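Undergrad: here is the sequence, then the experimental structure:
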Amino acid sequence: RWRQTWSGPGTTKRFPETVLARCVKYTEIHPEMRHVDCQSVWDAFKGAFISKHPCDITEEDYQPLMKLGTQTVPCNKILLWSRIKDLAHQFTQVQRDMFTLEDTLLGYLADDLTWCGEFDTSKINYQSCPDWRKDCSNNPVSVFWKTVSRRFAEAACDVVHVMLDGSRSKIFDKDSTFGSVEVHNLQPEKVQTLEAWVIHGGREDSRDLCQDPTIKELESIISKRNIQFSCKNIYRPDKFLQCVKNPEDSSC
Ligand SMILES: Nc1ncnc2c1ncn2[C@@H]1O[C@H](COP(=O)(O)OP(=O)(O)OC[C@H]2OC[C@H](F)[C@@H]2O)[C@@H](O)[C@H]1O
């Protein structure tokens, strides 16, 4: 058969094996997650999408998973990010002081993976999966992230940080998961300030990108939720990583 059902890439190779392994590595590495049954976790992950229509997935579908994956993370040490995945995780790799969603059990299990099934059959689809835009938004992957991302932002408190790509077309994009889901599920009762770190890309220094109009847009949004907004440029990304790595070379 010479045609695929969907426009999007199909399931990542060795998906069940890969999720289980990531679960084993995470629960052995993090002592508080040691109470977790990894096969039980996999079972709830499968049962969310297997034998289900990949355009008909719901938040409830993932509720079993969400319960088994319940995790407390330091609420004041949260780093959100939008369109700058690599630097944000390089950062939390060295600090370890701060946590992206990908640093939680659920985020870790799913980071960079694609998955879907078929209706009326229990097979995983290693051929193609629904593209969010060309096929349908309610697909196993898109619904997973939207659900875990909402809870993450719900869990945050005090000062929440967000990395942004200073060279992105729009530095802040209302339509990203950060912009459409996370900004709107921070709890004004618990969050004092959202602080944006705008990462410059070009050669060394530049503008004050915290004056960028999309950033002003983010600011107006967050201020009207009764949360303070602050912003800092990071004019030189690798001095930042020099300093984050070796926090007390006195060039820092
Ligand atoms: N047409 C599309 N094109 C791109 N992304 C799409 C599209 N349609 C849906 N998406 C979703 O949007 C994301 C791609 O945007 P991203 O990876 O740049 O950073 P986010 O702010 O989203 O996600 C990072 C923040 O949100 C959660 C963490 F806590 C971070 O702080 C993908 O994951 C997709 O699921």
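TA: Ah, there it is. Residues are numbered from 1 along each chain as shown.
Undergrad: the nearest residue to residue 206 once chain neighbours are set aside: neighbour count?
TA: Nearest in space to residue 206, with sequence neighbours left out and distances taken as Cβ to Cβ, 6 or more residues apart in numbering, is residue 200 at 5.4 Å. All C-beta atoms are positioned from the backbone trio N, CA, C, and that covers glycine. Look at residue 200: counted by other Cβ atoms under 10 Å, it has 19 neighbours.
Undergrad: enumerate every residue touching residue 200.
TA: 166-167, 206, 209, 233-237 (Cβ atoms under 8 Å, 6 or more residues apart in numbering).
Undergrad: any idea what residue 232 is bridged to?
TA: residue 197 (DSSP bridges).
Undergrad: quick check, it in contact with residue 195.
TA: Yes - under the criterion of Cβ atoms under 8 Å, residue 232 makes contact with residue 195 at 7.3 Å.
Undergrad: before we move on, back to that, name the nearest of the contacts of residue 200 relative to the ligand.
TA: Nearest to the ligand among the contacts of residue 200: residue 167, at 12.9 Å, using Cβ to the nearest ligand atom.
Undergrad: residues in contact with the closest residue to the closest one other than its chain neighbours?
TA: Spatially, and ignoring its direct neighbours in sequence, residue 167 is nearest to residue 201 (3.3 Å; Cβ to Cβ, 6+ apart). Going by Cβ under 8 Å, 6+ apart, residue 201 touches 165-167, 237.
Undergrad: one more pass at 10 Å, please.
TA: Contact partners of residue 201, counting by Cβ atoms under 10 Å, 6 or more residues apart in numbering, are 84, 165-168, 237.
Undergrad: and residue 54, by the same measure?
TA: 5-6, 8, 115-119, 125, 128-130, 135-136, 138-141, 143.
Undergrad: tell me the SS of it?
TA: coil (DSSP: H, G, I helix; E, B strand; the rest coil).
Undergrad: first to last residue in stretch 237-252, what's the distance?
TA: Terminal residues of stretch 237-252 are spaced 13 Å apart (Cα to Cα, to the nearest Å).
Undergrad: check stretch 27-35 too.
TA: 8 Å.
Undergrad: now stretch 117-125
TA: 5 Å.
Undergrad: is the one helix or strand residue 106 maps to in proximity to the ligand?
TA: Using DSSP states H and E, residue 106 sits within helix 105-110. No - on the criterion Cβ under 6 Å from any ligand atom, helix 105-110 is out of touch with the ligand, staying 7.6 Å away.
Undergrad: helices and strands around that helix, which ones?
TA: helix 15-29, helix 38-49, helix 63-68, helix 140-155 (3 or more Cβ pairs under 10 Å, 6 or more residues apart in numbering; DSSP states H and E).
Undergrad: just so I know, which of these lies nearest the ligand?
TA: Closest among the helices and strands packed on helix 105-110, using Cβ to the nearest ligand atom: helix 140-155, at 4.1 Å.
Undergrad: in that closest one, what's buried?
TA: 140-153, 155 (16 or more other Cβ atoms under 10 Å).
Undergrad: just the residues you listed that are near the ligand?
TA: Counting by Cβ under 6 Å from any ligand atom, the members of the buried residues of helix 140-155 near the ligand are 142, 145, 149, 152.
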